[PDB]
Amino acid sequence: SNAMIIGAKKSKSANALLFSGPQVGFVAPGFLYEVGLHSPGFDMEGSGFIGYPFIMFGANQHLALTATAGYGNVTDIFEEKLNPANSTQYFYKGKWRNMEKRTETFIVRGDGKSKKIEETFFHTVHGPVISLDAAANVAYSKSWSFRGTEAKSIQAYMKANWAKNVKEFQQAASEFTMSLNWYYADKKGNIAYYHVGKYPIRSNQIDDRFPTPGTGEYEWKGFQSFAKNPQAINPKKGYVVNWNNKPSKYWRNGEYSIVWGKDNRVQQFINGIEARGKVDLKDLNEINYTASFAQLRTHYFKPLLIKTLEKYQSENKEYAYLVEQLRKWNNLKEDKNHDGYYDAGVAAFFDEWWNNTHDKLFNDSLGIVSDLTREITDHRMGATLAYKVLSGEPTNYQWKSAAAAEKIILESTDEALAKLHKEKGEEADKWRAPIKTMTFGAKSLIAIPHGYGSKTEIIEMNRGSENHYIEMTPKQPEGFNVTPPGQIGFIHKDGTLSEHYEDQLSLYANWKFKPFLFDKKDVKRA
């Protein structure tokens, strides 16, 4: 998920701006639900996740808000020491303790005939048992810092909906117990950013990248004050951008640091904001378009590739050509002429170059753990370690010397070019790859079916599942948004689809939007 908030000094109109882009996948019916809520002193328009009695992406009379996932450290795993004579007992604070046991019955549809299966589940003082290592007399239990406070988080979000100023919104933020980033913009020109959640006070004797021994010496000691959560009102830079990246330089997240490295996809939003002076909502939309189509490895890896090839272009004419094509490429995989092929043929070379390079960097050392490390070293948010190795920047382990790294870059180039020459030809326009498409399907990230989906294909975009663009003018929030696939999920018994089942797909695919409605006079004619 991505977000931007723009303060008065960075906004062309001198009004604070907000951009939302939650990434919750693409399903029909959609993951989001758009609504307008109007009662005395409470006027709010926007969307929330399906089933939520509150808006997360939108604006009330006073403030606009959005959120992105925090990735903060709110789950710890405890390694329980099991009694070798009784695997339902674990050692805790000097004594064997008994696990709480629960039997659960599952009715399963077969064929039609229904069957009953039973399973037994265990809890310790730390939480549910998630994994057994019986060989080691260990069980693993899971502690959430928000355990039992999920309803308090709902209440906090409702209070954010009802809030009228920074003080009230910050109060709501301080009560939210799960790990999100919250973003705020108001009609007085203020912007604010909060990394919300209840973050536990951990033992300073343990390495928080690994499970914590569960014997009692290393327990959490409460939760830190909200005043220690990363947060800023009216930061000096004049804006905040985020694409699930790190809140602030010294904020840590334990086992999940793999998302917060030097190479990070938020660079697309930083680049776009820093390349401009004062901005309007149209500028924000252009930044979203760039991020949505960017080949994210280009930011740091395309210059490294060019630098290597340039050293050898006097001997290798194919390298001179590649350099020219790479330099003129705008780093996007886009289809501006809607012909079904990505516009830059060299992007197909670059994709294959990267895949070859990643494998040559790590297969010889991490191949034996690649079922777990490939998701780190080729992560969708960035490839920091690969960047450091190829650039010669300091690492703890000496993966490759600069000479070995350069040979990898060259071998990967030769292999990628040889395959393109064999299958498509020598001109880059022949390399253009067919676009990847996506549908709004039947199964969301909760991993169970919730409808019948849609078969309408649109180009894949690394983009929010909805977008709002809001300007907090003195009169009212104004702007535009899109909430695909459509508002209404109802399909009649006879197969008739609601006219609002997928009537926002074209807007979404074509970078068009519908007006943000706030004034009732506008609503009645919308």
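One rule holds for the numbers: they count along the sequence shown, beginning at 1.
Novice: Zero if continuous, otherwise a range: how many residues of the deposited sequence are missing coordinates between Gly110 and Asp111 (none, 1 to 3, 4 to 9, 10 or more)?
Specialist: According to the record, 1 to 3 deposited residues lack coordinates from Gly110 to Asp111.
Novice: Look over 298 to 306 and 75 to 83 in the entry and identify the one with the greater average Cα temperature factor.
Specialist: Looking at the record's C-alpha B-factors, the answer is 75 to 83.
Novice: Can you tell me whether 165 to 173 has a higher mean C-alpha B factor than 416 to 424 in this record, or the other way round?
Specialist: Stretch with the greater average CA B-factor: 416 to 424.
Novice: At the C-alpha atoms, which of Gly41, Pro485, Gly58, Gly51 reaches the highest B-factor in this entry?
Specialist: Among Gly41, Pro485, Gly58, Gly51, the PDB entry lists the largest C-alpha B-factor for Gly41.
Novice: Looking at the C-alpha B-factor values in the deposited entry, which of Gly451, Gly222, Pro211, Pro230 comes out highest?
Specialist: Going by the entry's C-alpha B-factors, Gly222 comes out highest.
Novice: Could you look up the Cα B-factor of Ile435 in the entry and say which third of the chain it sits in: lowest, middle or highest?
Specialist: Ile435: CA B-factor falls in the middle third of its chain.
Novice: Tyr508's Cα B-factor: lowest, middle or highest third of the chain?
Specialist: Its C-alpha B-factor belongs to the lowest third of this chain's values.
Novice: Taking only the Cα B-factors deposited for this chain, tell me whether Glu34 sits in the lowest, middle or highest third.
Specialist: Ranked within chain, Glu34 CA B lands in the lowest tercile.
Novice: Where does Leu517 sit by CA temperature factor within its chain: lowest, middle or highest third?
Specialist: Ranked within chain, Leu517 CA B lands in the highest tercile.
Novice: Check where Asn467 lands among this chain's C-alpha B-factors and tell me if it's the lowest, middle or highest third.
Specialist: Lowest third, going by the recorded CA B-factors of the chain.
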